[PDB]
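Protein chains in written order, with the entry's author numbering: chain B, 1 to 347; chain A, 1 to 346; chain A', 1 to 346; chain B', 1 to 347. A prime marks a further copy of an entry chain.
Here the structure comes first, spelled out in structure tokens, and everything after it is commentary.
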Amino acid sequence: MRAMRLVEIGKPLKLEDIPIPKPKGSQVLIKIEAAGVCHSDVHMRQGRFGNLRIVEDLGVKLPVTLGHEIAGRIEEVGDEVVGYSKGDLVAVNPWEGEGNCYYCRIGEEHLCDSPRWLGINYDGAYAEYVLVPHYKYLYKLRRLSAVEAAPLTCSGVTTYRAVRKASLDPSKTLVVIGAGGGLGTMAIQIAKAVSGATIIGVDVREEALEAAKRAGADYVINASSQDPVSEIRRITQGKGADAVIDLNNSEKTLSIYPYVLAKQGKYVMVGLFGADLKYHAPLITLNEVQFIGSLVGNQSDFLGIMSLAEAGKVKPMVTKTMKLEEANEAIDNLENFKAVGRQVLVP
Amino acid sequence: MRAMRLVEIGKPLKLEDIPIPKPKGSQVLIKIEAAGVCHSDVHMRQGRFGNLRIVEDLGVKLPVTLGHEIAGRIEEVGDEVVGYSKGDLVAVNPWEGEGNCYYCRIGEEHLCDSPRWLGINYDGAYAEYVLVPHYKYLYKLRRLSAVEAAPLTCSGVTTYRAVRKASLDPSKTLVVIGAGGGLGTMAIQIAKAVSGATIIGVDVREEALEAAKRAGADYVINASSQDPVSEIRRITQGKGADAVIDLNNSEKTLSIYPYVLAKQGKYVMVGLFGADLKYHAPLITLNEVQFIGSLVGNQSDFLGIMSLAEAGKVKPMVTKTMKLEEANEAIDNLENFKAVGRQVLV
Amino acid sequence: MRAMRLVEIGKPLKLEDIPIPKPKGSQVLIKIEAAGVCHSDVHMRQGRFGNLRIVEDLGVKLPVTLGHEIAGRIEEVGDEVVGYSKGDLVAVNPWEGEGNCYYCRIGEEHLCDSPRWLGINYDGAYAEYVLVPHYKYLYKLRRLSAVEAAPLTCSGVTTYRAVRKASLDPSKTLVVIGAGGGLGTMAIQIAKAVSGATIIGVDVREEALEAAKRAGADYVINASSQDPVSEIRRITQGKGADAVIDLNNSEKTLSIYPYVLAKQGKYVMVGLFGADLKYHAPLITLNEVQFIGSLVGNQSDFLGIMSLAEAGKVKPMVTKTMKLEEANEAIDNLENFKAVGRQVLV
Amino acid sequence: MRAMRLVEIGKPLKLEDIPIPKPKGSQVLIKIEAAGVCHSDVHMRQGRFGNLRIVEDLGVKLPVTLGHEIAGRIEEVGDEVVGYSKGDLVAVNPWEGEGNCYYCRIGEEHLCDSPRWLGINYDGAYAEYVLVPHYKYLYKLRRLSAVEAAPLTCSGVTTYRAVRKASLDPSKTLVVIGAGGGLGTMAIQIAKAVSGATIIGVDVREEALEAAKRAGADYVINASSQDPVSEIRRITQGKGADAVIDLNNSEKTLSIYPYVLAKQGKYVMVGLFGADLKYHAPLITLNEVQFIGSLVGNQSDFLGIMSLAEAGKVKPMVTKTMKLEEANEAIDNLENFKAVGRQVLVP
Ligand SMILES: NC(=O)c1ccc[n+]([C@@H]2O[C@H](COP(=O)([O-])OP(=O)(O)OC[C@H]3O[C@@H](n4cnc5c(N)ncnc54)[C@H](O)[C@@H]3O)[C@@H](O)[C@H]2O)c1
Ligand SMILES: NC(=O)c1ccc[n+]([C@@H]2O[C@H](COP(=O)([O-])OP(=O)(O)OC[C@H]3O[C@@H](n4cnc5c(N)ncnc54)[C@H](O)[C@@H]3O)[C@@H](O)[C@H]2O)c1
Ligand SMILES: NC(=O)c1ccc[n+]([C@@H]2O[C@H](COP(=O)([O-])OP(=O)(O)OC[C@H]3O[C@@H](n4cnc5c(N)ncnc54)[C@H](O)[C@@H]3O)[C@@H](O)[C@H]2O)c1
Ligand SMILES: NC(=O)c1ccc[n+]([C@@H]2O[C@H](COP(=O)([O-])OP(=O)(O)OC[C@H]3O[C@@H](n4cnc5c(N)ncnc54)[C@H](O)[C@@H]3O)[C@@H](O)[C@H]2O)c1
Ligand SMILES: [Zn+2]
Ligand SMILES: [Zn+2]
Ligand SMILES: [Zn+2]
Ligand SMILES: [Zn+2]
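Given below as structure tokens:
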């Protein structure tokens, strides 16, 4: 089968011909009908998340098929599979754990000590087929097509979790940094659907802000032409933002936004652009500010976002559908900040 | 009345004689019997918390009587005061708000936009009497004496809230930095009394660690004669600490402990030594760690620590007492890191 | 000034002429522009909530002006009032506490031991003016008019708190009983605005269900012409409802819905029709279901619903307005179940 | 192997000779060194929990080996078992789920739609060996012996969860009904270890109250000689109890304690004596009281209580150790309210 794999860092993904997995036990073989392209793949290709080398520090073993936004039809199931039949259209939660470690026992499976992340350390969706370790990570689709559902397995579940960590309510204001991109449009839609908080979207491209508005942002700020700090201060009437979901965490964003937080404000750090957070400690203490890391999501988060989308409350903004072989072009678009919403590959 | 006030930044507190406040409405006048000495007064005297100037930046108007750990007896009450009488022994919650702003409405009074902090921007306990804006901030003392209860109004409520933010449970390990001081000894007693988590106390003086051990720490580590990272990793079997309550937040502590956090670990920042937190962002994201600021406490926190104390489940470790006029010496001891537990003035 | 007061239990509210309150300190005098009519006033007039007598049991002292959904303009302020001026349009939180008791300290003012409930044990909005104990209970109106905001101070805050207690999320289903009334229409709008859960509205009148559908219900069920159990089970695919907000709690509703709860399901009891909950204990234990009482709301709840409303995300459905003197007729409509949405007096 | 099984309701458990299970895959065969006796087995033997027949209504299929308080040594592991070796002394969490249903996905495994409860609908610990479905339900013991740990898997995890649902803090008072029994002594120790709340123990036997005190109760009330209502009112100075953990839920207890709740008080219903809760609805609404059901516990709860005990913070009060063949006598003792603390069988 065809597969776009990461064979060497700093080099484009290579199309290869590898065997189709054979499911056994509780595993499930899925024929891919949609594979979303995540900016995280830009970092993977470069082989690094900030100062962290995926191979040397994170333990990734090359080669590996990328693609962690997965949706397709069940092709074959193992002998222990129950409640799923061949032909079923499903979305797949790639953030899988083994079950015995501390993090799996408390329901934080994505933080497993021996993680099975499809598309990162295990073969992902940039292929004609993908082997899913356990059927419990599936979610049958009815209202959504594979193309519309795929982005939900990463950008969706990730921002759903981040939005929960933001602890929103009607009296609070949320600021999303990078609001026109893949996770940005998803975070905005979700915040608009599961809370009554005021949503402010921030980006640097005119097209990105149009995307943020289509996503439902109550207010948008172009940080290239406008003074983001002044605008956020004005909109919140001098109070500052009660929560900020930073989908960049770059030298640029971390030098600006951590300073527009209201007292008790929560700065949820999702982006992986790579930079150090330098912040005066007394500022953290005296203002009870919080810097919170958020990574993908657990089974509850996956269930939550899938339920919301399947109910028609939110829907990924897929702006382009391309071939599996165009994987390197889709990733380039993100690397060059030329895409809005989400791009999805179809084998 | 006698009163030790911050009259000039950088200079010792000055013994001054000012009018005795006259309570009206729901206000209450307390005759001070005990005033705890907090390290915060070292910063105050120096005129800053890190880069933040108390006057220009934090808006403190001098002169002001310091002292934010308050306990004494009611001397006089306003005409609207209910449920309290002259002579009543009480502890005072100094972190007061006005009630109308966003923060007061959600029950986070200490973060009021127009704060009324006794001992900070309003006159405190380093005097014969102290005026209390509302009787709602009082707590009748029964089991504890004024001297034993005074520290609860700051070191107690501050660490009670911090322990709460640490989200502890029996399977977690908590590390307390500065475990032998005023807040350190309280943080440990509270953590042991309101959770079943493993407690590791870290300090840099043999006696401080002994005070930490007595407070109830399961393990103690002297960072100045042994590598804390190795011990903490060993104790947690390589997992790291699920929570750290840093009562320093100095360049020294922030360069060590943030790196010993377990995944989802919470770094609660209470200390105000002054330094910049510096941490690689990808590490915060990939490990889902949290850096959380915690400041004094609200009325719920005050009630929690006073009830816990009056029930005899925790008790401030007062290692020495002295006169009001000796305020400058007590503060020097903290500045020179010469004390263990809490000092109280009378 | 004119005022409709509960002078005699069992008898209509009486038009009376009493002195106009004079505000002092932090008190504020509001000139009433809108007073919502709540079903609670049906109980009040009848003199009881279930078996609980408002006088003997609940301690209500007659006579008292009713009306707990308040909105109007500031007429006069006490000398200590800050941030408000004469002429300011505001909504009033009537569920007020004194601040010193356990409940006020933990931020649950509405459960104060010495409650100051405007329209219940203190004079309410069914009059030309109403005295407000503290300006902290006010909320400046910008987007909404007095008539549109009045209902938020009871039907809004009550259901906002109830929606919160329901612990909803996208994978859950909420069932609202009495979905076409004052609280019902609000509960649905709020549930839709602050969660992504599936909402099922149940009522017994075609128009009530239409009002429920308009409020935003995903499904509507007329319990008087179809079996609600079958529909709810079908809609939830046999799982049952994860939460039910019962705005009746009558022998009729309690004999049906508690049995349609999913495991861990939460039955939030708001309605005060009067009945006894009767459920086999082993079922509560084995299914981990919860029967939760919810009463009006605290300052945090008030802030939440007022902000949500002023942002235009929800809005009380006022289907009719009338004169203060018509108070007894508006209450009759609710008693006879003749209204949909909310009625407001001017 | 020997096994004490429930073969017919209303009749004593029968000693039988059944084959020793053969573990495969992720299963683990444990040689039982301790099996605690739970009052729940009194209800099982009678074949009913209140109005609920275990067979006709709950779906239990007879015969079945009882015993849900399990501890022993690993005898054999399946091929997929990792991190566990033969000879390891472990406690076993019997409240197991399948993983795919809603409740398993959100971390509430014990409420699984297709539960695997060892000792209830699957063979339990009243035997020489027990087959554990998955090694992730194990917890290695170091400080505790099997006899001291066994009770933790039901009375321990159940009361740990109930204590959490009670939402305690230093200013609150907890009242435990049935404080001298198995779950009673465990609830008291736990509340004393994980909260600073005031603990009041209530029972009807002098011996039961001695047990409650040894457990650490701050106050004890003998409901046979004293007026429980008056005492609770006096101790809480007229406020009432902020939380009540009822380990009976009988006609007797439900007619008394739901009426001594403080405003916002939580009545956590754990006991299964069988009775209907009849309570005036306006009382629930106007006082914001809560009636909360609590059943065993999930993997997080199990991890929590095991950590606490393994740390020496709490320890089951085993008052008697007897032979496997004495299973019917141990259960009779509970049925007749003649035992304090917990009884443990050793094959
Ligand atoms: N923590 C997690 O679980 C997780 C999961 C997925 C992706 N991510 C990370 O989130 C980040 C964004 O991912 P994405 O897929 O949405 O990519 P994306 O390219 O679609 O979005 C990036 C957006 O950032 C905007 N941007 C660039 N510089 C900016 C600035 N200075 N201020 C404001 N906006 C700016 C761009 O215009 C663009 O719209 C990446 O680093 C990715 O690896 C994290
Ligand atoms: N955020 C708040 O609400 C709040 C409230 C009160 C006090 N504080 C602050 O907390 C800090 C401590 O206050 P305190 O009253 O307990 O004072 P303290 O004098 O008791 O000092 C705390 C302890 O820190 C120890 N220490 C010093 N260097 C150390 C190192 N490198 N590693 C480990 N331990 C070290 C000292 O030996 C001492 O025992 C101060 O900065 C104070 O201003 C904050
Ligand atoms: N706990 C609190 O804080 C609080 C606050 C305000 C009002 N309330 C109470 O809530 C209840 C409802 O108040 P409301 O103002 O919305 O009044 P309402 O007149 O609008 O009545 C509510 C709805 O119940 C419907 N109904 C009647 N019988 C029904 C049945 N068998 N099944 C389904 N629906 C049925 C009616 O048709 C009506 O639409 C009252 O008992 C009131 O006193 C409680
Ligand atoms: N929900 C769950 O997860 C769960 C789990 C295990 C056991 N249980 C149930 O909890 C209950 C108790 O179990 P146990 O194992 O501790 O049994 P136990 O016999 O050891 O305890 C019962 C105690 O109740 C006391 N008691 C009897 N009548 C009383 C009264 N009127 N007032 C106060 N105390 C009274 C007895 O003196 C005795 O000490 C049973 O119904 C059992 O099935 C529930
Ligand atoms: Zn794991
Ligand atoms: Zn304020
Ligand atoms: Zn009160
Ligand atoms: Zn399941």
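Beta carbons are placed, not taken as given, at the ideal position from N, Cα and C, and that holds for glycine.
Would you mind stating whether residue i and residue j have Cβ atoms separated by less than 8 Å?
i, j, result
"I199 of chain B", "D227 of chain B", "no"
"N100 of chain B'", "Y137 of chain B'", "no"
"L295 of chain A'", "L277 of chain A'", "no"
"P133 of chain B'", "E80 of chain B'", "no"
For ligand 2, is there any heavy atom lying closer than 7 Å to the beta carbon of residue i?
i, result
"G180 of chain A", "yes"
"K252 of chain A", "yes"
"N248 of chain A", "yes"
Name the residue from the options whose alpha carbon lies nearest to the alpha carbon of residue i.
i, options, result
"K266 of chain B'", "A':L254, A':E335, A':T173, A':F291", "A':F291"
"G271 of chain B", "B:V82, B:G184, B:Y135", "B:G184"
"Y257 of chain B'", "B':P282, B':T285, B':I221, B':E75", "B':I221"
"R142 of chain A", "A:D246, A:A191, A:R342, A:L89", "A:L89"
"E76 of chain A'", "A':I188, A':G196, A':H39, A':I30", "A':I30"
"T173 of chain B'", "B':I32, B':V130, B':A243", "B':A243"
"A311 of chain A", "A:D301, A:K11, A:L144", "A:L144"
Can a CB atom of chain A' be found closer than 8 Å to the CB of residue i?
i, result
"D41 of chain B'", "no"
"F337 of chain B'", "no"
"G78 of chain A", "no"
Does the Cβ of residue i lie closer than 7 Å to at least one heavy atom of ligand 5?
i, result
"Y103 of chain B", "yes"
"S114 of chain B", "yes"
Can you find a CB in chain A that lies within less than 8 Å of the CB of residue i?
i, result
"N121 of chain B", "no"
"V176 of chain B'", "no"
Using a C-beta cutoff of 8 Å, does residue i count as contacting chain B'?
i, result
"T198 of chain A'", "no"
"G156 of chain B", "no"
"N287 of chain A'", "yes"
Kindly examine ligand 3 and report whether one of its heavy atoms sits closer than 7 Å to the Cβ of residue i.
i, result
"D332 of chain A'", "no"
Can residue i be considered in contact with ligand 4, in the sense that its beta carbon sits closer than 7 Å to one or more heavy atoms?
i, result
"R205 of chain B'", "yes"
Taking 7 Å as the cut-off, is the C-beta of residue i nearer than that to any heavy atom in ligand 6?
i, result
"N51 of chain A", "no"
Residue i: beta carbon under 7 Å from a heavy atom of ligand 8?
i, result
"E80 of chain B", "no"
Flag residue i as yes when its Cβ comes closer than 7 Å to any non-hydrogen atom of ligand 1, and as no otherwise.
i, result
"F273 of chain A", "no"
Inset, instruction - Scan the stretch 95-115 of chain B' for residues whose Cβ lies nearer than 7 Å to a Cβ of chain B and list them as they occur along the chain. - result: Flagged, chain order: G99, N100, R105, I106, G107.
Inset, instruction - Output, in sequence order along the chain, the residues in the stretch 293-304 of chain A' whose CB is closer than 7 Å to any CB in chain B'. - result: Those residues of the stretch 293-304 of chain A' placed with their C-beta closer than 7 Å to a C-beta in chain B' are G293, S294, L295, ordered along the chain.
Inset, instruction - Could you run through the stretch 160-172 of chain B' and flag, in chain order, every residue whose CB is less than 8 Å away from some CB of chain A? - result: Those would be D169, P170, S171, in chain order.
Inset, instruction - Quick one: which residues of the stretch 259-282 of chain A' get their C-beta closer than 7 Å to a C-beta of chain B'? List them in chain order. - result: Hits within the stretch, in order: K263, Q264, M269, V270, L272, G274, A275, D276, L277, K278, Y279, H280, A281, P282.
Legend entry - Contact set between the stretch 312-330 of chain B and chain B', restricted to residues whose Cβ is under 7 Å from the partner: For the stretch 312-330 of chain B, the set of positions with a beta-carbon nearer than 7 Å to some beta-carbon of chain B' is empty.
Inset, instruction - Would you list, in chain order, the members of the stretch 127-145 of chain B' that have their beta-carbon closer than 8 Å to a beta-carbon of chain B? - result: From the stretch 127-145 of chain B', only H134, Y135, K136 have a Cβ closer than 8 Å to chain B.
Inset, instruction - Output, in sequence order along the chain, the residues in the stretch 44-57 of chain A whose CB is closer than 8 Å to any CB in chain B. - result: Residues passing the 8 Å Cβ filter: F49, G50, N51, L52.
Legend entry - chain A' contacts from the stretch 10-42 of chain A (Cβ-Cβ distance under 9 Å): Within the stretch 10-42 of chain A, the residues whose Cβ lies closer than 9 Å to some Cβ of chain A' are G25, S26, listed in chain order.
Inset, instruction - Mind checking the stretch 181-194 of chain A against chain B' and listing, in chain order, the residues whose C-beta falls within less than 7 Å of any C-beta there? - result: Listed by position along the chain: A193, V194.
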